[PDB]
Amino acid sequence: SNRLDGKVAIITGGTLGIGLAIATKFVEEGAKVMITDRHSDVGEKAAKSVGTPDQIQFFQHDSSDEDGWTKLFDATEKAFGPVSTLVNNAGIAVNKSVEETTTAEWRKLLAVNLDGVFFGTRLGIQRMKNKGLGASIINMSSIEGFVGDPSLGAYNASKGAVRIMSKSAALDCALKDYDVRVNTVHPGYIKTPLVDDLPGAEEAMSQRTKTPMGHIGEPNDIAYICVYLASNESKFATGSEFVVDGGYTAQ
């Protein structure tokens, strides 16, 4: 309780899974939250499932849409006051090796996972700096920012990009005394309804050769590290990677 008092957060892809759990715990800890998704039909229902309009609202936005980012920040500031916290969580995956990735697939994945995170990070620094907000940008990544997956070529590219791009931003903010931190979060496998719909997926992810714990995580596992990062408790943490992966990358 109260760990995010006064904070105002944007969470992209906040209607499902990890992003929804981050939204839920953010509201529980006192933050006001704007969640997004490319589609409108889930959004209002997702928001209402967490809290009331004074706590959480929905804004339809595709994170690859550069001009839509300014509309999103404006709507959030209108609802809740100046934005303090950005969680760049929206992402997609292509299940292809590098060898088998089409250029269209490459460009589509990079538009969401890389351009979108760049647009959000750039705008968030501009809008959040020098306001005494204790501002925090949390760029969602994954184990795939540290290790390869033969069947996730473009996804690996995007996650490695966000990993090191975030360090650049962290350093510049720290050196300019902007009062903006930038860090990455790296989930391993997490159980969601989407994983549940893929026959065999959780079992494959839970083999000890993949996740040493012998089971995948849950959305709140990623929510709680995000609360820590969004809060002033982490005021000395910037430019770093926070891994919550059941041991996947330790072997």
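Numbers for residues come from their place in the sequence shown, where the first is 1.
Selected stretch [higher average CA B-factor]: 67-75 or 161-169 = Of 161-169 and 67-75, the stretch with the higher C-alpha B-factor average is 67-75.
Selected stretch [higher average CA B-factor]: 239-247 or 12-20 | Looking at the record's C-alpha B-factors, the answer is 12-20.
Among the candidates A223, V185, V182, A46, give the one with the maximum CA B-factor reported in the record.
-> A46 has the highest C-alpha B-factor of those listed.
Chain-relative CA temperature factor third for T103 = Highest third of the chain for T103's C-alpha B-factor.
Modelled-residue ranking by C-alpha temperature factor, third containing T52 | For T52, whose C-alpha B-factor we compare with every modelled residue in the chain, the answer is the highest third.
Among modelled residues of the same chain, the CA temperature factor third for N89 = For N89, the deposited C-alpha B-factor lands in the middle third.
Considering only modelled residues of the same chain, in which third does the CA B-factor of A154 rank: lowest, middle or highest?
-> Lowest third - that is where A154 ends up once the chain's C-alpha B-factors are sorted.
If you rank every modelled residue in this chain by C-alpha B factor, which third holds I138: lowest, middle or highest?
-> For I138, the deposited C-alpha B-factor lands in the lowest third.
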